[PDB]
Amino acid sequence: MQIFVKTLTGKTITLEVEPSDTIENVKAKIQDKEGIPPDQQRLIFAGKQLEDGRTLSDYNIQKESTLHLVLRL
Amino acid sequence: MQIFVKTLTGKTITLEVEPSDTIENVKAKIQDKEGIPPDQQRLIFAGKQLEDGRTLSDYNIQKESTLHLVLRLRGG
Amino acid sequence: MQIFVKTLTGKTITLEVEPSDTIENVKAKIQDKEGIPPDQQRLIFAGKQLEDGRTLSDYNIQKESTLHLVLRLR
Amino acid sequence: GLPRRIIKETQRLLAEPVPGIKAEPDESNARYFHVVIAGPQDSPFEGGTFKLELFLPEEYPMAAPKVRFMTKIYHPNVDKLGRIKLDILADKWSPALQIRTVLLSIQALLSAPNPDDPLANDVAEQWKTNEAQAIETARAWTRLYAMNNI
Amino acid sequence: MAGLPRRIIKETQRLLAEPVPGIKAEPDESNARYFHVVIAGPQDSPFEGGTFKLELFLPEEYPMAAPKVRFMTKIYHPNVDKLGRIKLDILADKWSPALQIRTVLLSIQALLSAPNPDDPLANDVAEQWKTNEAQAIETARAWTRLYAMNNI
Amino acid sequence: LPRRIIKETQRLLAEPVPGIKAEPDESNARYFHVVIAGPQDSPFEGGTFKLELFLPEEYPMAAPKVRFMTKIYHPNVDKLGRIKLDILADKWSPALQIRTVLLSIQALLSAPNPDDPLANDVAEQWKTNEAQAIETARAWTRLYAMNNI
Amino acid sequence: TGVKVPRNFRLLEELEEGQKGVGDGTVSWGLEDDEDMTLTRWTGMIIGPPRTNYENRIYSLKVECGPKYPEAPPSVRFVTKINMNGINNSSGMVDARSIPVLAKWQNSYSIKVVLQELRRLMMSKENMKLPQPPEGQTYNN
Amino acid sequence: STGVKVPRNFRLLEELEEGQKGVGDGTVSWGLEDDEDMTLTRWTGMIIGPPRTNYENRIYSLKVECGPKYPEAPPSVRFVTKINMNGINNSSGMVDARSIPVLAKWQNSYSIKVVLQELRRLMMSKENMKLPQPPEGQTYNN
Amino acid sequence: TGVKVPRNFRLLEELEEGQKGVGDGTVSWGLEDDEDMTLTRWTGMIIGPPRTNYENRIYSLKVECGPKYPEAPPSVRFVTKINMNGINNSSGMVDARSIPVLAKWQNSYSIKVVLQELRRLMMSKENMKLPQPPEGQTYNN
């Protein structure tokens with residue numbers, strides 16, 4: 001399955017994921033594509049901030065959904 | 001025979017030539033000694049501008065005469 | 001026997017000498033320890049300027065006395 | 001009064017300017033033109049804007065126009081004082097030639113330098129000896145004097 | 001009578017009437033003991049082409065005391081320091097009243113032609129005169145061109 | 001004038017921080033002139049650095065704003081003297097006081113760390129060739145951080 | 001009635017606000033030197049107002065903020081030549097009396113409002129119909 | 001005329017050589033600013049506060065300027081570290097020559113040593129000894 | 001009636017004739033920098049006229065041609081010392097009013113004629129028999 005996360009600069013990046021994957025995994029999976037270390041990333045979806053420990057299925061993130069990436073200053 | 005051409009500077013160059021030689025030949029042979037490009041040269045002698053196709057004997061240029069060399073005023 | 005050489009810079013150097021030794025010899029031995037060429041050295045002892053030709057015993061310079069070293073500027 | 005050739009050439013040069021070249025009369029001398037030439041692309045002078053002066057002498061068009069750079073430039077045909085070595089500005093001038101064609105010839109000279117005739121001998125020899133270092137030196141000079149001087 | 005000691009008058013007169021070749025020197029109109037001196041860099045020296053300003057003052061005890069001389073043109077030389085002071089034997093302990101101003105000037109001019117780094121003034125300049133003499137002479141030529149071009 | 005600002009200013013004057021000078025402006029009590037001596041065993045040793053400190057109107061809810069006025073070679077100070085340190089930004093807490101801000105800037109001078117870079121240009125060289133960075137900082141110290149008075 | 005913000009921190013506010021272009025775009029301002037810790041020399045620019053002789057002529061200016069900024073007004077000077085009441089034509093310096101925001105300076109003001117005031121006075125009717133020099137001319141010095 | 005005059009530069013090198021070699025108490029001290037400036041115009045001076053005063057044991061730094069007419073004309077003097085004193089301007093630090101006797105009545109026998117010693121003697125004046133002195137470590141601008 | 005030659009082209013004419021020894025040889029002139037595209041700072045030289053106290057003394061001068069040259073006159077300054085009416089004796093600068101070609105400047109004039117009239121003024125009876133300083137003396141600045 002593929003999902004998209006948009007940073008607030010205005011870019012969209014596409015990742016192939018599995019619902020099994022944890023959010024720490026997708027953060028590493030963003031880092032591999034954009035070089036942004038996972039410690040500076042914050043992922044938000046459907047009015048909720050995602051925790052590193054839980055999974056995509058925990059938040060009910062289904063096929064080609066879109067999350068938003070806020071960068072920590 | 002040897003003849004010389006005096007430039008507008010006041011320098012004199014002497015080259016051994018023969019009546020056989022064309023004025024194109026005299027231009028190329030002054031270039032051979034002082035490097036002035038042949039197309040930038042104009043030769044004048046006895047009230048006449050010499051053309052490249054003819055020879056010294058046509059212009060009745062005999063032993064140790066002096067031609068005058070006018071350079072086209074190329075700024076630099 | 002040992003003698004001392006005191007410069008006006010404020011340092012004292014000790015030389016082991018013999019009474020047989022000439023002042024020329026003492027100058028060379030301070031040069032070996034302080035690098036000062038003997039022609040720039042002038043040695044003074046008991047109100048007298050020591051000359052190169054004489055010996056320590058000529059000047060009655062005995063054990064652990066002190067000479068004074070003045071450096072010539074030129 | 002001014003020659004009708006100078007007026008019609010000035011008018012045709014302002015209504016239809018040469019691409020990459022600005023040229024305009026001085027408001028106090030109509031024979032005096034302020035010129036700006038953009039560094040041609042794919043040449044060490046790209047990015048730079050080069051100031052030039054042009055004056056139409058009293059005998060124009062029988063005499064060639066007088067042109068010189070005012071921006072310092074590294075080029076085999078421009079010397080320390082901005083003078084230009086170009087055949088049409090000297091012995092190979094013809095009265096049928098126009099100002100716009102002189103400007104075009106200077107613009108082309110900027111992209112096609114030729115050290116066969118050296119007005120600035122040191123720059124021409126550097127160009128023939130080590131063209132790579134000559135081109136990068138000219139690029140450096142472009143960045144020095146032809147930028148931030150507009 | 002005579003304004004000041006007559007030796008000063010006669011030496012001033014002989015220095016103006018018969019000057020030393022390569023050295024210009026003349027009194028100040030407001031101090032007769034004060035002389036403005038110009039020394040041309042001798043040929044066969046790194047200072048050739050340069051003109052060097054110097055000051056000379058005749059102290060109150062002259063000729064029993066030595067004249068005071070100093071450079072005012074900056075110069076690269078083992079016997080001249082940052083402020084133009086000159087280390088010269090005859091200007092110090094080796095002065096004798098029989099010496100004359102002309103010969104002091106001549107010895108300074110000669111000092112310009114034969115620098116010798118045994119004297120320890122301007123220690124860095126002397127030890128680089130011993131270190132890379134070629135670079136020392138090219139430095140002295142550079143300094144000659146820097147400070148002595150437009151001085152007079 | 002807030003009752004905290006008077007009591008903090010007085011204790012900064014009664015017990016100054018070793019190696020740091022700080023005093024209010026006689027025309028602005030929220031405005032302080034600061035001098036920080038270069039810490040020992042560091043590339044800035046020997047230097048004395050001027051800083052400005054301002055306590056904004058919402059202090060202590062807003063952080064004090066401080067900046068260098070002596071130009072300094074350091075990964076956390078930019079060309080114009082602005083300082084990058086969390087305690088002056090997102091990790092400011094109203095329980096913090098001026099004394100600890102000044103102490104933290106002094107500590108930053110001895111432990112420069114370029115992983116979070118303000119002026120990334122000096123910081124990436126502090127990573128690439130730290131030795132030449134340290135001696136460049138020493139040169140800048142001798143240039144701008146001496147001859148101060 | 002509240003307290004004042006010191007000069008340098010106010011100038012750093014104005015510097016950061018000059019770089020993130022919020023607002024009209026008719027005015028723009030920034031540091032001249034970019035590394036000048038004094039924060040004294042600023043460059044300003046005004047775009048000519050429509051419906052004027054100034055229209056779409058871009059003017060660049062030099063603004064100097066003194067030791068008493070923003071309690072005292074800054075000196076402003078045109079570098080692109082211009083004919084304007086209050087604007088000297090030999091220097092380009094601005095007559096403070098000619099500008100209300102400079103004749104009646106208040107520390108609530110910024111460099112943005114000074115430039116926006118100059119553009120509004122370019123839309124003033126004693127200036128909009130003045131004869132202007134040819135574009136590209138500037139005083140020297 | 002009653003004596004010989006020493007021209008400027010030789011006198012200034014005289015004063016420099018004695019400024020570096022332990023002259024007198026040490027309550028005053030002077031030297032060149034540039035140390036390589038052949039003009040010999042710009043000097044640095046320093047005064048130790050006199051006993052029994054509000055200036056006491058405060059080190060004051062000054063800038064003394066010897067012009068082309070030294071020592072026939074008096075030198076310019078300026079405090080750089082702040083001080084409260086009659087004759088010393090409080091925004092600049094410049095010294096009023098008229099307020100200082102050795103500058104108001106200048107004589108070519110005087111030196112910068114004597115000017116500094118006069119400022120220190122004037123710190124013991126009873127109009128000056130009990131002024132309020134600014135906090136130590138403060139300095140004027142420039 | 002005539003056409004005006006702009007500054008730089010006229011100065012390049014004057015530069016070329018200064019290097020090709022046209023005329024007397026009593027005067028000579030050239031660029032100071034040789035690479036100064038401004039063409040502003042010139043060096044001039046006058047040989048003392050015979051029958052004067054100036055005779056066979058080489059004088060060097062500094063001539064500066066301003067932005068309005070040759071419609072405005074050039075500034076002239078002696079660097080080698082000289083006693084002459086119009087020449088200040090502490091500085092060496094020339095008083096324009098005392099010299100006709102500078103007091104009545106005309107755009108047909110050049111720096112060559114400025115030097116030639118200064119040499120003509122050395123043979124004037126108010127200047128020719130003045131006391132001159134020793135050869136080799138010069139002002140500073």
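Every chain is numbered from 1 and lettered A, B, ... according to where its sequence line falls, protein lines coming before strand lines.
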Less than 6.0 Å separating the ring centroids of D/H75 and D/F69? no
Any side-chain heavy-atom pair from D/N149 and D/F50 closer than 4.5 angstrom? no
For [X], give me all partners under ring-ring contact (aromatic ring centres under 6.0 Å, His included), at least two apart in sequence or on another chain.
| X | answer |
| --- | --- |
| D/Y74 | D/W141 |
| I/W29 | none |
| I/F9 | none |

Counting only N and O atoms by type, is there a donor-acceptor contact under 3.5 Å from the side chain of G/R119 to the main-chain atoms of G/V27? no
Please indicate whether [X] has more than 12 foreign heavy atoms, meaning atoms of other residues, nucleotides or ligands, lying under 6.0 Å from its [atom1].
| X | atom1 | result |
| --- | --- | --- |
| G/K62 | NZ | no |
| G/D33 | CG | yes |
| D/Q133 | CD | no |

Could you tell me whether [X] and [Y] have a side-chain N and a carboxylate O separated by less than 4.0 Å?
| X | Y | answer |
| --- | --- | --- |
| I/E35 | D/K80 | no |
| D/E125 | D/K128 | no |
| D/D117 | B/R74 | yes |

Can a donor-acceptor pair be found between the side chains of G/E64 and G/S75 at a distance below 3.5 Å? yes
Verify the distance criterion only: is there a donor paired with an acceptor across the side chains of I/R7 and I/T38 at less than 3.5 Å? no
Interatomic distance, F/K71 atom NZ to G/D36 atom CG [nearest 0.5 angstrom]: 10.5 Å
From CA spacing to verdict: side-chain contact (heavy atoms from CB on, under 4.5 Å), F/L80, G/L15: CA-CA 11 Å; F/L80 297 176; G/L15 167 62; 3.7 Å; yes
List the atom of F/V77, the atom of F/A119, and the distance in Å for their closest heavy-atom pair.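 It is O-CB, 3.9 Å.
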